[PDB]
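Visitor: My structure is in structure-v2.pdb, and what it holds is PDB, C-alpha atoms (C1' of nucleotides) and all ligand atoms:
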MODEL        1
ATOM      1  CA  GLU A   1      22.623 -35.194 -26.279
ATOM      2  CA  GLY A   2      20.670 -34.229 -23.148
ATOM      3  CA  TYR A   3      18.542 -31.538 -21.535
ATOM      4  CA  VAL A   4      21.460 -29.608 -20.030
ATOM      5  CA  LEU A   5      23.194 -29.108 -23.376
ATOM      6  CA  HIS A   6      20.134 -27.931 -25.324
ATOM      7  CA  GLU A   7      18.304 -26.040 -22.566
ATOM      8  CA  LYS A   8      17.539 -22.416 -23.435
ATOM      9  CA  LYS A   9      15.654 -19.600 -21.737
ATOM     10  CA  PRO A  10      12.803 -18.074 -23.788
ATOM     11  CA  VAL A  11      12.592 -14.327 -24.342
ATOM     12  CA  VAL A  12       9.478 -12.712 -22.873
ATOM     13  CA  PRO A  13       7.626 -10.361 -25.258
ATOM     14  CA  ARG A  14       7.764  -6.765 -24.081
ATOM     15  CA  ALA A  15       3.997  -6.561 -23.547
ATOM     16  CA  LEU A  16       3.874  -9.711 -21.372
ATOM     17  CA  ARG A  17       6.601  -8.726 -18.893
ATOM     18  CA  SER A  18       4.251  -7.116 -16.362
ATOM     19  CA  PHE A  19       2.555 -10.522 -16.011
ATOM     20  CA  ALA A  20       5.674 -12.708 -15.926
ATOM     21  CA  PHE A  21       7.245 -10.820 -12.988
ATOM     22  CA  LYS A  22       4.115  -9.878 -11.029
ATOM     23  CA  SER A  23       4.813 -12.295  -8.167
ATOM     24  CA  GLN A  24       8.441 -11.222  -7.712
ATOM     25  CA  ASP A  25       7.523  -7.530  -7.582
ATOM     26  CA  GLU A  26       4.841  -8.233  -4.973
ATOM     27  CA  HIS A  27       7.278 -10.198  -2.804
ATOM     28  CA  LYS A  28       9.843  -7.389  -2.735
ATOM     29  CA  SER A  29       7.137  -4.926  -1.695
ATOM     30  CA  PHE A  30       5.919  -7.440   0.891
ATOM     31  CA  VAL A  31       9.377  -7.830   2.448
ATOM     32  CA  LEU A  32      10.302  -4.142   2.583
ATOM     33  CA  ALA A  33       6.908  -3.115   3.972
ATOM     34  CA  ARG A  34       6.872  -5.633   6.843
ATOM     35  CA  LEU A  35      10.507  -6.477   7.662
ATOM     36  CA  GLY A  36      12.278  -3.262   6.638
ATOM     37  CA  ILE A  37      15.460  -2.636   4.712
ATOM     38  CA  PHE A  38      17.762  -3.723   7.576
ATOM     39  CA  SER A  39      16.713  -7.351   7.205
ATOM     40  CA  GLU A  40      18.262 -10.603   6.032
ATOM     41  CA  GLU A  41      15.593 -11.018   3.349
ATOM     42  CA  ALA A  42      16.191  -7.498   2.028
ATOM     43  CA  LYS A  43      19.934  -8.136   1.744
ATOM     44  CA  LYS A  44      19.356 -11.287  -0.311
ATOM     45  CA  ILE A  45      17.173  -9.415  -2.809
ATOM     46  CA  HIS A  46      19.786  -6.682  -3.243
ATOM     47  CA  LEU A  47      22.524  -9.241  -3.908
ATOM     48  CA  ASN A  48      20.406 -10.800  -6.658
ATOM     49  CA  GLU A  49      19.816  -7.371  -8.211
ATOM     50  CA  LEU A  50      23.565  -6.716  -8.332
ATOM     51  CA  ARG A  51      24.010  -9.896 -10.373
ATOM     52  CA  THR A  52      21.363  -8.841 -12.900
ATOM     53  CA  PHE A  53      22.892  -5.391 -13.409
ATOM     54  CA  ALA A  54      26.406  -6.797 -13.802
ATOM     55  CA  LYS A  55      25.242  -9.061 -16.640
ATOM     56  CA  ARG A  56      23.909  -6.075 -18.614
ATOM     57  CA  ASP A  57      27.508  -5.130 -19.469
ATOM     58  CA  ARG A  58      28.368  -7.430 -22.373
TER
ATOM     59  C1'   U B   1     -16.237   2.325  27.952
ATOM     60  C1'   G B   2     -17.823  -2.341  25.167
ATOM     61  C1'   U B   3     -18.714  -5.459  20.579
ATOM     62  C1'   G B   4     -18.377  -6.236  14.615
ATOM     63  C1'   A B   5     -18.424 -12.558   8.299
ATOM     64  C1'   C B   6     -18.454  -2.800   9.098
ATOM     65  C1'   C B   7     -14.307   0.479   5.647
ATOM     66  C1'   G B   8      -8.744   0.542   4.979
ATOM     67  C1'   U B   9      -6.392   7.167   1.591
ATOM     68  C1'   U B  10     -11.071   7.451  -5.674
ATOM     69  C1'   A B  11     -12.874   3.313   0.577
ATOM     70  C1'   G B  12     -14.780   5.123   5.525
ATOM     71  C1'   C B  13     -17.288  11.501   8.010
ATOM     72  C1'   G B  14     -16.836  17.035   3.578
ATOM     73  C1'   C B  15     -11.954  16.451   6.717
ATOM     74  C1'   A B  16      -5.918   9.950   8.541
ATOM     75  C1'   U B  17      -8.521  17.523  10.319
ATOM     76  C1'   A B  18     -10.553  21.593   7.118
ATOM     77  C1'   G B  19     -15.484  23.707   7.102
ATOM     78  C1'   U B  20      -9.180  25.415   5.857
ATOM     79  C1'   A B  21      -7.439  26.961   0.525
ATOM     80  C1'   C B  22     -10.427  28.677  -3.155
ATOM     81  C1'   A B  23     -15.503  30.634  -6.017
ATOM     82  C1'   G B  24     -19.255  34.566  -4.728
ATOM     83  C1'   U B  25     -21.277  41.626  -3.116
ATOM     84  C1'   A B  26     -23.878  38.415   0.213
ATOM     85  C1'   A B  27     -26.747  34.135   2.147
ATOM     86  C1'   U B  28     -24.115  29.925   0.418
ATOM     87  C1'   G B  29     -21.173  26.340  -1.989
ATOM     88  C1'   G B  30     -16.709  23.614  -0.978
ATOM     89  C1'   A B  31     -11.557  20.558  -2.418
ATOM     90  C1'   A B  32      -6.634  18.140  -2.944
ATOM     91  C1'   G B  33      -3.364  16.009   0.556
ATOM     92  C1'   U B  34      -0.394   8.933   4.795
ATOM     93  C1'   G B  35       4.359   5.490   4.736
ATOM     94  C1'   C B  36       7.475   1.817   1.501
ATOM     95  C1'   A B  37       8.470  -0.844  -3.279
ATOM     96  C1'   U B  38      11.363  -2.828 -11.553
ATOM     97  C1'   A B  39       2.559  -1.588 -12.857
ATOM     98  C1'   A B  40       0.022   0.660 -17.612
ATOM     99  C1'   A B  41      -0.575   4.408 -21.444
ATOM    100  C1'   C B  42       3.332   7.620 -23.010
ATOM    101  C1'   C B  43       8.626   9.865 -25.731
ATOM    102  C1'   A B  44      14.052   8.627 -27.443
ATOM    103  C1'   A B  45      17.640   4.623 -28.401
ATOM    104  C1'   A B  46      18.366  -0.605 -30.041
ATOM    105  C1'   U B  47      18.321  -3.724 -38.112
ATOM    106  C1'   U B  48      21.681  -7.479 -40.181
ATOM    107  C1'   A B  49      26.105 -11.813 -38.403
ATOM    108  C1'   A B  50      31.241 -14.320 -40.878
ATOM    109  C1'   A B  51      35.424 -18.874 -39.645
ATOM    110  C1'   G B  52      37.758 -25.948 -42.840
ATOM    111  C1'   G B  53      44.130 -30.768 -41.133
ATOM    112  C1'   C B  54      50.052 -30.655 -34.997
ATOM    113  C1'   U B  55      53.066 -36.552 -35.236
ATOM    114  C1'   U B  56      48.750 -39.463 -29.642
ATOM    115  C1'   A B  57      50.427 -46.092 -24.861
ATOM    116  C1'   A B  58      50.921 -45.143 -18.597
ATOM    117  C1'   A B  59      47.513 -38.103 -16.304
ATOM    118  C1'   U B  60      44.628 -35.685 -12.146
ATOM    119  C1'   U B  61      42.057 -36.015  -7.676
ATOM    120  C1'   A B  62      43.239 -33.920   2.122
ATOM    121  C1'   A B  63      38.005 -32.608   1.966
ATOM    122  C1'   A B  64      34.870 -28.986   0.411
ATOM    123  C1'   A B  65      33.734 -24.385  -2.254
ATOM    124  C1'   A B  66      33.984 -21.466  -6.836
ATOM    125  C1'   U B  67      32.331 -20.178 -14.934
ATOM    126  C1'   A B  68      25.508 -19.573 -18.309
ATOM    127  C1'   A B  69      21.018 -12.343 -19.633
ATOM    128  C1'   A B  70      13.728 -14.384 -17.741
ATOM    129  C1'   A B  71      14.053  -7.411 -16.451
ATOM    130  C1'   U B  72      17.115  -0.357 -21.176
ATOM    131  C1'   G B  73      16.807   4.962 -19.524
ATOM    132  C1'   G B  74      12.773   7.800 -17.910
ATOM    133  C1'   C B  75       7.915  10.139 -16.386
ATOM    134  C1'   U B  76       3.811   8.603 -13.546
ATOM    135  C1'   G B  77       1.742   6.469  -8.644
ATOM    136  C1'   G B  78      -1.912   1.685  -9.825
ATOM    137  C1'   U B  79      -1.450  -2.755  -7.031
ATOM    138  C1'   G B  80       0.242  -5.346  -2.381
ATOM    139  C1'   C B  81       0.962  -4.646   3.254
ATOM    140  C1'   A B  82       0.070  -1.695   7.965
ATOM    141  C1'   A B  83      -2.842   1.935  10.982
ATOM    142  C1'   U B  84      -2.250   7.553  16.040
ATOM    143  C1'   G B  85      -8.728   7.913  10.903
ATOM    144  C1'   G B  86     -13.984   6.881  10.202
ATOM    145  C1'   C B  87     -19.168   3.940  10.446
ATOM    146  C1'   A B  88     -23.233   1.229  13.422
ATOM    147  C1'   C B  89     -25.451   0.261  17.645
ATOM    148  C1'   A B  90     -24.930  -1.638  22.898
ATOM    149  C1'   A B  91     -23.745  -0.696  28.492
ATOM    150  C1'   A B  92     -23.372   3.280  32.152
ATOM    151  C1'   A B  93     -24.482   8.261  33.028
ATOM    152  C1'   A B  94     -26.998  12.696  31.714
ATOM    153  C1'   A B  95     -31.458  15.378  30.021
ATOM    154  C1'   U B  96     -36.877  15.356  30.538
ATOM    155  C1'   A B  97     -42.746  15.321  33.042
ATOM    156  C1'   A B  98     -46.062  16.874  36.741
ATOM    157  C1'   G B  99     -52.592  17.831  40.140
ATOM    158  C1'   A B 100     -52.578  22.704  42.601
ATOM    159  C1'   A B 101     -51.004  28.366  42.318
ATOM    160  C1'   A B 102     -48.173  33.400  47.530
ATOM    161  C1'   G B 103     -49.972  26.810  51.459
ATOM    162  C1'   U B 104     -48.977  21.433  53.874
ATOM    163  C1'   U B 105     -47.808  14.761  50.141
ATOM    164  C1'   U B 106     -42.816  10.634  49.188
ATOM    165  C1'   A B 107     -39.782  10.162  55.508
ATOM    166  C1'   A B 108     -36.092   3.298  55.467
ATOM    167  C1'   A B 109     -33.851   2.482  60.532
TER
HETATM  168 MG    MG A 201      -2.595   3.506  -1.869
HETATM  169 MG    MG A 202     -11.715  10.725   1.490
ENDMDL
END
Now that the file is in, can you turn its structure into structure tokens?
Guide:
Amino acid sequence: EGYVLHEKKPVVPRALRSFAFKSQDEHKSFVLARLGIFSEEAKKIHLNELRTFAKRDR
RNA sequence: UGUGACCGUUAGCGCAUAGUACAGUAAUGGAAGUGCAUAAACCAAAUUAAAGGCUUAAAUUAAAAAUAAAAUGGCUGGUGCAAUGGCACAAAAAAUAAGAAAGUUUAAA
């Protein structure tokens, strides 16, 4: 019936999570170290984190 | 002062100040310690999955926007980025030598 209908996100094994998110963690450190917390890039990251936390409540 | 296919907090000086704290009767020996951010070991919590019958022929839409889990809570301080700290010599300056012994030299207009 199509990709959109049957698409699913795989679950990362607990032991492999430090490798799946290595790049994202580095970027956040890169932004805060160079641009600071009062930056447009920093605000975007925080907004994305709010979305993740809100979805934990199910 | 100048330069670097020299280092970037387990590195580079022992020291991003400290020959301090501390050990020793003494001579002496001699640390740890920058700023920011979901790394690892590590301890607690999280098992499972069910559903069986409204009668169908003239809607809506300025425009645009707006429905979906990659990630538990902690303790710890690795990695990534930056330098009011170090390393090596170079340039300039400084230091340095006289034969004689109570004696004369070396001064550019
Ligand atoms: Mg560090
Ligand atoms: Mg050191």
Visitor: If the limit is 12 Å from any atom of ligand MG 201 (chain A), counting all atoms listed in the file, which residues qualify? Return them as an MDAnalysis selection string.
Guide: chainID B and resid 8:11 34:37 77:82
Visitor: Just to confirm, what's the straight-line distance from atom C1' of residue 17 of chain B to atom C1' of residue 83 of chain B in Å (one decimal)?
Guide: 16.6 Å
Visitor: On this file, the PyMOL selection byres ((chain A and not hetatm) within 10 of (chain B)) gives some set of residues; write that set as a PyMOL selection string.
Guide: chain A and resi 8-12+14+17-22+24-34+36-37+52-58
Visitor: I need the output of the PyMOL selection byres (((not hetatm)) within 10 of (chain A and resi 202)) for this file as a list in words; which residues are they?
Guide: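 So the PyMOL selection byres (((not hetatm)) within 10 of (chain A and resi 202)) ends up selecting residues 9, 10, 11, 12, 13, 14, 15, 16, 33 and 86 of chain B.
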Visitor: Box for segment 8-26 of chain A: with edges along x, y and z, all listed atoms inside and 8 Å added on each side, what are the centre and edge lengths in Å to one decimal, as lines of an AutoDock Vina configuration file?
Guide:
center_x = 10.0
center_y = -14.5
center_z = -15.1
size_x = 31.0
size_y = 31.9
size_z = 36.3
Visitor: May I ask for the distance between atom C1' of residue 2 of chain B and atom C1' of residue 94 of chain B, given in Å to one decimal place?
Guide: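 These atoms are spaced 18.8 Å apart.
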Visitor: Using atom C1' of residue 6 of chain B and atom CA of residue 35 of chain A as the two end points, give the distance in Å to one decimal.
Guide: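 Separating atom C1' of residue 6 of chain B from atom CA of residue 35 of chain A is a distance of 29.2 Å.
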Visitor: Give me the residues near residue 42 of chain B as a PDB file with C-alpha atoms (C1' of nucleotides), in the frame of the given file, where near means some atom within 12 Å (using only C-alpha atoms (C1' of nucleotides)) and where sequence neighbours in that chain fewer than 5 positions away do not count.
Guide:
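Writing the result to out.pdb gives the following:
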ATOM      1  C1'   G B  74      12.773   7.800 -17.910  1.00  0.00           C
ATOM      2  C1'   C B  75       7.915  10.139 -16.386  1.00  0.00           C
ATOM      3  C1'   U B  76       3.811   8.603 -13.546  1.00  0.00           C
TER       4        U B  76
END
